[PDB]
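So the chains spell out like this:
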Amino acid sequence: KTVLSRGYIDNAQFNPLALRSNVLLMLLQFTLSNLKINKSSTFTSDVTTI
Amino acid sequence: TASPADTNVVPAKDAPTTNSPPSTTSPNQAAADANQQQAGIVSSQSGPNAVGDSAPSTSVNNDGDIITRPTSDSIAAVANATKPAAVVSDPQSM
Amino acid sequence: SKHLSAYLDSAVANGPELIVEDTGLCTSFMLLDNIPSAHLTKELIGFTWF
RNA sequence: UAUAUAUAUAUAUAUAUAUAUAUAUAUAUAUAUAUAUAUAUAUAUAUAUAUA
RNA sequence: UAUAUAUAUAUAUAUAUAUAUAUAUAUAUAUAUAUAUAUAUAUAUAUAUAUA
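Per chain, the count goes from 1 following the written sequence and can depart from the entry's numbering; residues without coordinates do not appear at all. Labels are handed out in written order, letters beginning with A for the chains and numbers beginning with 1 for the ligands. Taken together, the chains in view make up part of a larger assembly, and the values describe this part alone. The side-chain numbers reported here are obtained from all heavy atoms of the structure, hydrogens and water having been left aside.

The record names cryo-EM as the way this model was obtained, at a resolution of 3.27 Å.

Structure, rendered in structure tokens:
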């Protein structure tokens, strides 16, 4: 319900006619949310079996 | 000395249309006048430059129409005007 | 932001937040049990060390 | 069987009260910026008084 | 011309007051949504009374 839905859509409905744009924005937010650097942590040596 | 306020000047958010007064008559001319008056210029010093100009306004739709509420609400209004009842009660229903 | 005193309809530019780093796991999909188990007998407990 | 009255239950609408969320306005407190006024200090200019 | 004093103006600093803007917090009001309660109206069901 990101766009073109506020005001008229029911709380439990989605508008099929606006699906592509809503999906598009949803993916965009998904993309933006992950824009971060993969830092390196400390390490330990494993001695557990295999 | 090195005042950032004098070095980091950039247009503010909603700059192109912020000063537009809420009206329906001649929004672009009115907005243009508001910008001129807001900037501190007085008409007696701008002279002929003030008569024909026009500026973007919030009252004008992107399609080029006079709007009085956010376009989403206009979409909502027309949508709400057509909502047939989902479940109706009639004697012959099986 | 103690001062943002730009003259007229302007603003003081700030730098975008670029350096963001993560030390967890580089993932955004999760594995979960939608429906709980039936709580079966274990038949095997775990490792023994002495 | 139908109508009317009364009681109870359920549904829908409207009003009022209370709680929670969101928006807008107002008030109060604190911080920062700008303007104005008053006081004190320092510098400069002008006027007046006194001395040489 | 120089010195000293007083007054006025201007600049700079500090303090105090007031105003305006922005941020944060709290309170109140209004609007919208949701929940709960009460009242009123309408419909349906059940009971009782009266009439046909």
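Thoughts on the overall build of chain A
When helices and strands are tallied, chain A shows 1 helix and 1 strand. Its C-alpha radius of gyration of 21 Å places chain A more than 25% over the 10 Å reference for a compact globule of 50 residues. Projecting the C-alpha coordinates of chain A onto the three principal axes gives extents of approximately 60 × 25 × 15 Å. Throughout, exposure labels follow a simple rule: accessible area from a 1.4 Å probe, protein chains only, divided by the maximum for the residue type, with under 20% read as buried, over 50% as exposed, and the rest as partly exposed. The burial tally for chain A puts 12% of its 50 residues in the buried class. Secondary structure elements follow DSSP: runs of H or I of four or more residues count as helices, runs of E of two or more count as strands, with numbering from the N terminus. Based on C-alpha atoms, the radius of gyration is set beside the globule rule, defined as 2.2 Å times the residue count to the power 0.38.

Here we look at unusual backbone geometry
Here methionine 94 of chain B, not a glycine, exhibits a phi torsion of approximately 65°, which is positive. At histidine 39 of chain C, a residue that is not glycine, the phi angle is positive and equals roughly 60°.

Observations concerning the interface of chain B and chain C
Only heavy atoms enter the contact rule, under which two residues are in contact if any of them lie within 4.5 Å. Listed per partner, the contact involves 11 residues of chain B and 8 residues of chain C. The term buried area means the drop in 1.4 Å probe accessible area that two parts suffer when joined, counted for both and summed. With both chains or domains summed, chain B and chain C bury close to 760 Å², and 56% of this area falls on carbon and sulfur atoms. Salt-bridge detection follows one rule: a side-chain nitrogen of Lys or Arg within 4 Å of a carboxyl oxygen of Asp or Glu. On inspection of chain B and its partner chain C, the count reaches 0 salt bridges. In terms of residue count, strand 1 (residues 9–11) of chain B provides more of the side of chain B that touches chain C than any other element does, 3 residues in total. Residues belonging to the side of chain B that touches chain C are distributed by class as follows: 7 nonpolar, 4 polar and no charged. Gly is put with the polar residues, along with every residue not named as nonpolar or charged; the nonpolar set is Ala, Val, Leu, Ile, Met, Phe, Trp, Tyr, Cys and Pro, and the charged set is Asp, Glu, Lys and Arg.

Brief notes about the pattern of salt bridges
For side chains of opposite charge, pairing can occur when their charged atoms come near one another. Residues and elements named next belong to chain B. A full pass over the atoms with the stated rule returns 1 salt bridge over all chains. Ionic pairing is found between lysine 13 and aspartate 14, a salt bridge with its closest N-O pair at 2.6 Å. Residue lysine 13 is classed as exposed on the basis of its relative accessible area, which comes to 69%.

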